[PDB]
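Chemist: Once you've had a glance at the structure underneath, I'll fire off some questions.
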Amino acid sequence: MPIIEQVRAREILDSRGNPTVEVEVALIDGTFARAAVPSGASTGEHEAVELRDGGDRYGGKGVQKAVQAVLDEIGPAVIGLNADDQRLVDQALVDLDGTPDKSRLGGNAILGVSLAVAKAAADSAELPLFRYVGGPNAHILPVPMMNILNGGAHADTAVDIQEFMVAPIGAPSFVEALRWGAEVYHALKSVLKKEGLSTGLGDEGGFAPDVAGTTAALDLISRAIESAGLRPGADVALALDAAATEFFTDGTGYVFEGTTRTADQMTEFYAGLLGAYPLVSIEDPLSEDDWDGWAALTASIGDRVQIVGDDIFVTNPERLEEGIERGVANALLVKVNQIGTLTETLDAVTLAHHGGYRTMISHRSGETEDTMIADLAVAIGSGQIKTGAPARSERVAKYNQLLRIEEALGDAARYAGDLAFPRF
Amino acid sequence: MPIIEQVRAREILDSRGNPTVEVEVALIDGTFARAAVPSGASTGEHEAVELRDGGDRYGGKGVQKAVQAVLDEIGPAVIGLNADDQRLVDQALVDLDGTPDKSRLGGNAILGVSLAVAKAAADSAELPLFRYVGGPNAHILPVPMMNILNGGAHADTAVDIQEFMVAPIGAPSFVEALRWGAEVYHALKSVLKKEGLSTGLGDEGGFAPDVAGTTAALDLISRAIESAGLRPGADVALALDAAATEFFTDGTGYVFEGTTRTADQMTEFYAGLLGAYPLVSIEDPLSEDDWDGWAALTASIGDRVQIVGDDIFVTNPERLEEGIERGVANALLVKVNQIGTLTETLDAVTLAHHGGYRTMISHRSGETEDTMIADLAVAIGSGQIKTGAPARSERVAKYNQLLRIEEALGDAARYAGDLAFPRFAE
Amino acid sequence: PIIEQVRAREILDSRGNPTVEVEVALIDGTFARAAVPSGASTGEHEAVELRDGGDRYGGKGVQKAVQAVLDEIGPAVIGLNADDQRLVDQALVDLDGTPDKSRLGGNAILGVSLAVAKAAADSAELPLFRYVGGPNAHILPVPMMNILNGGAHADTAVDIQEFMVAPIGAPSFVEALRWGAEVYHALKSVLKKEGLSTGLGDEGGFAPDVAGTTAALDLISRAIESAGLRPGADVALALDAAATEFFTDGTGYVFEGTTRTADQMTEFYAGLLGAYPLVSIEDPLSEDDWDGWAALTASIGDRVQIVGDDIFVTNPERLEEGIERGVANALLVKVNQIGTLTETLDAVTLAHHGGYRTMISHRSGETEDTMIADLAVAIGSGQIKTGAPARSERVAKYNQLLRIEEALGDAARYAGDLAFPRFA
Amino acid sequence: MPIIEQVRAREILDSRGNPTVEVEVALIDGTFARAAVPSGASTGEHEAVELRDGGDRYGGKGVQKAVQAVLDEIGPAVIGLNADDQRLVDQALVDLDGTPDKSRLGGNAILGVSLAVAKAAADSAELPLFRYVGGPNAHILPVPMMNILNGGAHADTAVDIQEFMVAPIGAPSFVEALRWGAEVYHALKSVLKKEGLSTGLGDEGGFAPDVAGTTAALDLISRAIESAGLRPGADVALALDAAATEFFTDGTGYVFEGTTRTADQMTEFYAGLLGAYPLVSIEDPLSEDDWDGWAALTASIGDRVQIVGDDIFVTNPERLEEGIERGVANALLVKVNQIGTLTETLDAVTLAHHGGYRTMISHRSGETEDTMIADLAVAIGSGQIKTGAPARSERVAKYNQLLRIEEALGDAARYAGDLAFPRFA
Ligand SMILES: O=C(O)[C@@H](CO)OP(=O)(O)O
Ligand SMILES: O=C(O)[C@@H](CO)OP(=O)(O)O
Ligand SMILES: O=C(O)[C@@H](CO)OP(=O)(O)O
Ligand SMILES: O=C(O)[C@@H](CO)OP(=O)(O)O
Ligand SMILES: [Cl-]
Ligand SMILES: [Mg+2]
Ligand SMILES: [Mg+2]
Ligand SMILES: [Mg+2]
Ligand SMILES: [Mg+2]
Ligand SMILES: [Mg+2]
Ligand SMILES: [Mg+2]
Ligand SMILES: [Mg+2]
Ligand SMILES: [Mg+2]
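Protein chains in written order, with this note's numbering: chain U, 1 to 424; chain H, 425 to 850; chain L, 851 to 1274; chain Y, 1275 to 1699.
As structure tokens, then:
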């Protein structure tokens, strides 16, 4: 009997030492589940609102008010509902908040309850979460897109691109892909040490050295792949997240690598990178609201490379719909906490999948020991996950949980590999 | 512990009184589930093989051999597997058979076990089948595409079009859609009596009068719509299944409505219908291997109407992929028994959806009391189902189950309505 | 086995008209479902079937009947023991408070009555035939199959309502079923050869517009022989004249182009007896033509079973009058003609103890409900009438008899020719 | 009963992306529990043996052999036993391996089963781990000793001391102490950015700037405390882990801040820090085997500050029994994976605890999302835990788990705060 009996939240700390919400949901059958809520640094203007305390505790980053909203309003709204009725529960939370951006109770108070209900429902059914959420057809292990050299908002350097990722598309299985990524990341550490370069980690576990720009970073990573005994392209390809909204000024343009430049100018830069490097994917090449820019870039390089919308779409169906209509991007980055409920997230995934767009399930720069996105990647069959360097366990715990999913699936497991990236 | 412990099969009768397979699967936790297998009349060349006994019993249509395959071979292969591992079970059945068209064990022996395993898994997990299969986001009640006037292979008349369907797209909910369709169906019976035409039912529960051609049939159904107090198009729209393979001869062409016609002439006929009637969907306008014809027809009218691949795709990922690459059809009919496992069926569904194609879960003309397809339609969010006139309970039991699913979902239920048919605009 | 919840809903029957479905849940978690059939050729004296009138569904909605279940019936039975069928049925009959169940509706009452019976059986972990009929329940009935349909059940001018085949010589139910299916498919091919319609009437039988009764019977005899079986010894014939439907009070029986007295109809039937292997004739005469039934029964009732349907309406009061007057020698049993399982069992008892045979019957409007299959075995009738072997509202009953036969194993007995002692 | 029915292991990755062992234990009653094994960088000579595959995969660091050893040998040797009899299980593990340093089957293979069996037993009794191991009297929340400025073996800078730690001894509860340490950690980041120093993290989530001296590091931390609105010493104190073995050369001596130094010159160093800074604890101030330096340093300054043996004792009853006899240090760092069973860990703690020595439960520089040391700190009533900066979740999950334990204890919880460091005043 999976009727919701108690809902409780607490303040815990994320992987940067900042407060976040963790929710536990208890069912009348004795089922108990826990979910934690991630937190971003390069957050788009259109993200669901995260409710912070202000005041002096934790530099203004407390979430006691989010915890109190769970105990005082959310709990009582959902107690007595069937945990299996995810859409009902998510609708109730959306209606109770009553604002479009979840500003009254906080996307952070709402999402923790939304995800803990999904987990309890799965546990009560005695199904692994990937299988509860994706049904019995769920089986595809994602290519891990590993941010091993971290810039922009995620470290304290003057490198413009936020994320330089490796993608072990050539591996035969997820267990092998994970090994290739780890061995490239360890080879990079060694290449950096041998040059003069810093091996201090950024927020997502990648190295934060201070190199001349994009191409210097890509040559360092190409060297790391070969050092690991692997082939650039055939074995391990490359991806970027520019988070270009972060180096866009309205009225001025793209303040990038020395120059102020236009959308078409940024487009020609990326196009140059595609001819010289085995790039499979480029994320947020232009800013969150540069629609005309994105439309021109997509027509120009969209056939040759995946173009992923992050801050332009914010995991938001209305925004993704406009993107699909205006021919903007060909992939959606899927961040549960940019929209605030599991239901809206799955509506965004469906809208993308049916529009011929791919999805890549994503962590935030502020993560926790929660591993739910690993199960989500498998459930939605995205074939792509972005959840950090293979270092710092808020990143590694997700990789370890994909090992467990792959092993439980046994012979039915399939690794997305090359097929995740048909344009390459 | 939803581990499979026993697998039993028996011979039951379908809704034409012919033999078919029913399978029961028991799990160690005590769960027990039963699934039955449907049978087609107008069966594509490329469907998974349906194993029949031959000989004298039941006119050669026995399925004792399929039943014996389940007890001697399939059962022992799957006992000890976890029912939750649907893909592992389905791969094991495929491999055990060892042939591309399931001809050794039969797609009928294989699918019974595939479907019973899925039902057992869902009951063990204590989730309704739509929710087990579709996960917690499943919620969309399909438009019921109701075949209210039956021709071709489903009756003994000279009507070449197999299926003349009504589609209550304008209804606010599934419960109301089902009412509109039943009301048109009862109005049609009345119009047929008035015209002195036969109200004897065909295989799928629709009237089987021997009307002169497509336009006579469409005109009798528009009258039924208006007589039920509904607006053709905006409230209740129309659809066809020509099952054109059944009137196509190789090189000769389409023997249709008293003349021989090419794929292009068939296309001009359909375009003529679209201009004159509120059609939302045409299925199998052309023959199962007329790939050149289908590509031309899709480019010609595919923007104005949905065009559904049935015998051309046979719920087969390999054939669907070709279609998508060659610009053939913009929708897939989904028939679990055309391919023979739940897994391959869901692989064909995902591939259609990701390819911009729509899907429509289908009964066969030989159905049973089994209601799995109602839950499956909700599970995949097709927004479209084809499962009979609202008459004969092997059709109506599915509608009844959709009423039960819509009730279970409470305020989260959504009816696909006219959003299932964007190309249409009364 | 305490009753905890009672819900009803409106579903559709096999002709697409609304009808009642009820669910009963017990304290122990048991949950059972039952549906109500509906006739077309309904006797004047049947329990009242409550319809909504107004526009929905051409007046044939049953929302009022559903509302009666939720408002009044459920509250009255919640807390009773589902095992106490006789106490529950008495409670239902007392709550309505009218002789013909016109206040709440026979459809609202029967649905709760059957659903209580299913729930008690599930609760005891017993198939329904065993729950109701106890350890001695074991007889598989001869399936009396209406393979050519006329009168009320199609749109032709054939006056006789049902033309049935009865596979009396089969060694088992499973073989009886195949025999009736083989003859049915042989009839279809005979009709096509003659250029006659193979469209189905309401009960799955072909509805050709044949010249009259002997034309129909000749076509069925041909079908029996075409299937390799002997008319009589293997597959016999039965009729349901539904004569109430062609009788007009004060004028007589308007039948095959002439107007006839009860006596002339008796002569017609006796003529059929001499020319064809008939084992049973139902409603040869009208529902209140008591004198006519008396004379006919004395005239031909030694040579053939004579079944009262519309004359008795499964009603102890009417049957007791028929017995006293020498009217018929068998009872057709329809749960929905009287409105409770208890009162149905009492009609059976009164018939059985009075040496009258019984034949459990569908209505022309059926559902996917299969209760009558279990009921026929539970009461030992040896005879069931539930359609041609086509249309699953008919066929689901035959499939359920296969399952019952299977579960009985070596205790199963097929009633075969012992159901028809007057024949041969 | 809680009888062991299956034991599985798998290769996972640790917080630096190197393989390590994870084990699952399933009881006949349905219970399934999971434990993971950590791995150090600055590993002592005398630690239990960490079985690595060698070869090509993972730069030689695979643990497929350790995983295989669990399936082939340890699994069958413990199935059938009662998960409640920790001592009998740990004895069967130690005897099976048969070597004193666990080199045949691997300390990593053995520990994983030892801890997964304890987690299973706890889950079967429906008890949190702290309460299962520690019994009803387990209630003390430890002071979090937070390595917020990382050097030595845990980064690539020229900083000699391995760990610069803050200790929120003045907080009224664990929940408050956690926030104090987070706030100092965040204030240090902003200080370092001011000074144009690196805020890139080392292995344990602490900043790894390349600052000049030990005093340069303590001055930056000191400013951080003050900038966080807290009082150095009274609110937040300082601790050190010098990991001296990592800069000791047998023969030539202590190579430290550009000078070879004797045992007694370093002491002179440590006692200078004691006067200028609010220090409550100095760990491994001398080398793993420098038995006389320790005895002298401990006489010299052990009255005034906690002196923690790590590499010198390696959570090993024998090595510690020695340190006590020879007046060496006054605290033991407790690493379950330096000794390889839970029983032997609890034995080494008991030796220390009866003998006057304080204990500090420790992480390894390679951690996982496992949180068992949080519960182990509380079970044994240590009052001190060393488990990283409040950043990187392989650290932070331990702190979050201490929040939940504090919650669950309710009014029974006591924060050890000031009472953990009696010599400080
Ligand atoms: O930009 C992103 O995609 C994310 C994850 O790498 O970072 P943040 O959570 O800071 O937005
Ligand atoms: O053609 C079809 O689509 C089906 C369903 O109506 O008919 P059959 O099962 O006979 O193929
Ligand atoms: O007359 C009968 O015996 C029944 C069933 O065959 O028909 P109706 O349900 O239409 O009364
Ligand atoms: O030296 C230590 O005390 C530990 C923990 O900080 O590091 P390592 O695990 O590398 O030995
Ligand atoms: Cl006819
Ligand atoms: Mg961002
Ligand atoms: Mg981004
Ligand atoms: Mg067909
Ligand atoms: Mg078709
Ligand atoms: Mg009747
Ligand atoms: Mg009758
Ligand atoms: Mg060390
Ligand atoms: Mg140390």
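Note that CB positions come from ideal geometry on N, CA and C, so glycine has one too.
#1: Name the DSSP beta bridge partners of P1418(Y), please?
#2: Counting only C-beta atoms, is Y185(U) closer than 8 Å to chain Y at any point?
#3: Below 8 Å between beta carbons is the criterion; list the residues of the segment 1671 to 1690 of chain Y that meet it against any residue of chain U, in chain order.
#4: From the DSSP output, in three-state form, read off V738(H) for me.
#5: Identify whether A1086(L) lies in helix, strand or coil by the three-state DSSP scheme.
#6: What ranges does the alpha helix (DSSP H) occupy inside the segment 1178 to 1245 of chain L, keeping only unbroken runs of at least 4 residues that lie completely in it?
#7: What's the call for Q1155(L), buried or exposed, on a 16-neighbour Cβ count within 10 Å?
#8: Is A83(U) helix, strand or coil when you go by DSSP?
#9: Am I right that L351(U) and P317(U) are in contact with their C-beta atoms under 8 Å? What's the rounded C-beta distance?
#10: Are the beta-carbon atoms belonging to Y58(U) and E1457(Y) less than 8 Å from one another?
#11: Does the count of Cβ pairs from the segment 1385 to 1403 of chain Y and the segment 1303 to 1311 of chain Y closer than 8 Å reach three?
#12: Helix, strand or coil for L1067(L)? Go by DSSP, reduced to three states.
#13: In the segment 189 to 215 of chain U, which residues sit with their C-beta less than 9 Å from some C-beta in chain Y, listed in chain order?
#14: Do we get a CB-CB distance below 8 Å when we pair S393(U) with the residues of chain Y?
#15: DSSP state of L710(H), grouped into three classes?
#16: Can you pull the chain U residues whose beta carbon is under 8 Å from the beta carbon of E1437(Y), in chain order?
#17: From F588(H) to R980(L), what does the alpha carbon distance come to, in whole angstroms?
#18: Among residues of its own chain, excluding the 5 on either side of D799(H), which ones have a beta-carbon nearer than 6 Å to its beta-carbon?
#19: Does the CB of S1071(L) have a neighbour CB from chain H at under 8 Å?
#20: Is there contact here, the segment 1566 to 1575 of chain Y with the segment 1537 to 1556 of chain Y, by at least three beta-carbon pairs under 8 Å?
#21: Examine the Cβ distances between the segment 638 to 656 of chain H and the segment 1056 to 1074 of chain L and report whether three or more of them are shorter than 8 Å.
#22: Quick one, which residues of the segment 762 to 778 of chain H are near chain U if we go by CB-CB under 8 Å, in chain order?
#23: Taking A840(H) and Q91(U) to be in contact with their CB atoms under 8 Å, please state how far apart those CB atoms are, rounded to whole angstroms.
#24: Regarding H363(U) and ligand 2, is the C-beta to nearest heavy atom distance less than 7 Å?
#25: With C-beta atoms as the reference, is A167(U) less than 8 Å away from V143(U)?
#26: By DSSP, does residue 1717(Y) sit in helix, in strand, or in coil?
#27: Going along chain Y in order, which residues have a C-beta closer than 9 Å to the C-beta of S114(U)?
#28: How far does the beta strand (DSSP E) with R432(H) in it extend, from its first residue to its last?
#29: Strictly under 8 Å for the Cβ-Cβ distance: is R1331(Y) near chain U by that measure?
#30: Just how far apart, CA to CA, sit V513(H) and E497(H)?
#31: Along chain L, in chain order, which residues have C-beta atoms closer than 9 Å to that of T792(H)?
#32: CB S1398(Y) to CB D1303(Y), shorter than 8 Å?
#33: On the premise that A1663(Y) lies in contact with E1478(Y), defined as a C-beta separation below 8 Å, what is that separation, rounded to the nearest angstrom?
#34: Is the CB-CB distance between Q68(U) and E11(U) below 8 Å?
Modeler: Short version:
#1: In the DSSP output, where bridge partners are listed per residue, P1418(Y) has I1659(Y).
#2: Judged by the 8 Å Cβ criterion, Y185(U) is in contact with chain Y.
#3: For the segment 1671 to 1690 of chain Y, the beta-carbon criterion of a distance under 8 Å to any beta-carbon of chain U is satisfied by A1671, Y1673, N1674, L1677, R1678, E1681.
#4: If DSSP states are grouped into helix, strand and coil, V738(H) belongs with coil.
#5: Three-state DSSP puts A1086(L) in a strand.
#6: The qualifying runs are 1185 to 1188, 1191 to 1202, 1221 to 1229.
#7: Of the other Cβ atoms in all chains shown, 16 or more fall within 10 Å of the Cβ of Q1155(L); this residue is therefore buried.
#8: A83(U): coil per DSSP, three-state reduction.
#9: So it is a contact: roughly 5 Å between Cβ atoms.
#10: In this structure, the beta-carbon distance from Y58(U) to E1457(Y) falls below 8 Å.
#11: In short, these stretches touch, since the Cβ pair count reaches three.
#12: In the three-state DSSP reduction, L1067(L) falls in the helix class (H, G or I).
#13: Contact annotation: in the segment 189 to 215 of chain U, residues whose CB is within less than 9 Å of a CB in chain Y are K189, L192, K193, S198, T199, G200, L201, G202, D203, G205, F207, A208, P209.
#14: Interface residue, yes.
#15: Taken through DSSP and simplified to helix, strand or coil, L710(H) comes out as coil.
#16: Those within 8 Å of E1437(Y) in chain U number zero; the least Cβ separation is about 16 Å.
#17: Taking the straight line joining both Cα atoms gives about 45 Å.
#18: Shown here for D799(H): same chain residues with a beta carbon closer than 6 Å to its own, the five before and five after excluded, namely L553, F554 in chain order.
#19: No, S1071(L) lies away from the interface with chain H (no Cβ there is under 8 Å from its Cβ).
#20: The segment 1566 to 1575 of chain Y and the segment 1537 to 1556 of chain Y touch, with no fewer than 3 CB-CB distances between them shorter than 8 Å.
#21: Note that the segment 638 to 656 of chain H does not touch the segment 1056 to 1074 of chain L; fewer than 3 beta-carbon pairs, one per stretch, sit closer than 8 Å.
#22: Of all residues in the segment 762 to 778 of chain H, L766, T767, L770, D771, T774, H777, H778 have a Cβ within less than 8 Å of some Cβ in chain U.
#23: Rounded, the Cβ-Cβ distance is 18 Å, inconsistent with contact.
#24: Outside the cutoff, so no.
#25: Closer than 8 Å, so yes.
#26: One cannot answer for residue 1717(Y) here, as it falls past the ends of chain Y, which runs 1275 to 1699.
#27: Result: empty, since nearest Cβ-Cβ is about 20 Å, beyond 9 Å.
#28: Segment 428 to 437, the beta strand (DSSP E) holding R432(H).
#29: Closer than 8 Å: yes.
#30: Straight-line Cα distance between these residues: approximately 13 Å.
#31: What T792(H) touches in chain L: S1242, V1245, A1246, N1249.
#32: Result yes, Cβ atoms of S1398(Y) and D1303(Y) sit closer than 8 Å.
#33: Between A1663(Y) and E1478(Y) the Cβ distance is about 6 Å, and since that is below 8 Å, they are a contact.
#34: Cβ atoms of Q68(U) and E11(U): not closer than 8 Å.
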